[PDB]
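Numbering (PDB author numbering), first residue to last: 1 to 105.
Input: a single structure, listed below in structure tokens.
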């Protein structure tokens, strides 16, 4: 059986799972031009596309999360709400506001 095709399932599995190109490049150990080139090919077939659900990631208080947490302002959610949203118990949340330089409790 093919070996190069095997890894293709892993690299693509990450992107569709919710991983940025910059990260996928490291995981797959490929170049930005190599990984991205695969995504465009997979999405065209529907390998990475049409995939949703719940999956853990190694991203916390990231630029992407900071934009999602702010939602608590529009929805009016509380610290207990954002906790379940970001997927953190409470400690992490403290770092979000703290690191931001705002007030919290």
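Cβ coordinates follow ideal geometry from the N, Cα and C atoms, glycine included.
Check                                                                                         : Outcome
Endpoints, the alpha helix (DSSP H) within which residue 7 is located                         : 4 to 18
contact_flag[the segment 64 to 82, the segment 21 to 36] where n(CB pairs < 8 Å) is 3 or more : no
Coil, strand or helix - residue 94 by DSSP                                                    : helix
Minimum length 4: unbroken alpha helix (DSSP H) runs contained in the segment 31 to 100       : 32 to 45, 63 to 69, 71 to 75, 79 to 86 and 91 to 100
Endpoints, the alpha helix (DSSP H) within which residue 23 is located                        : 21 to 28
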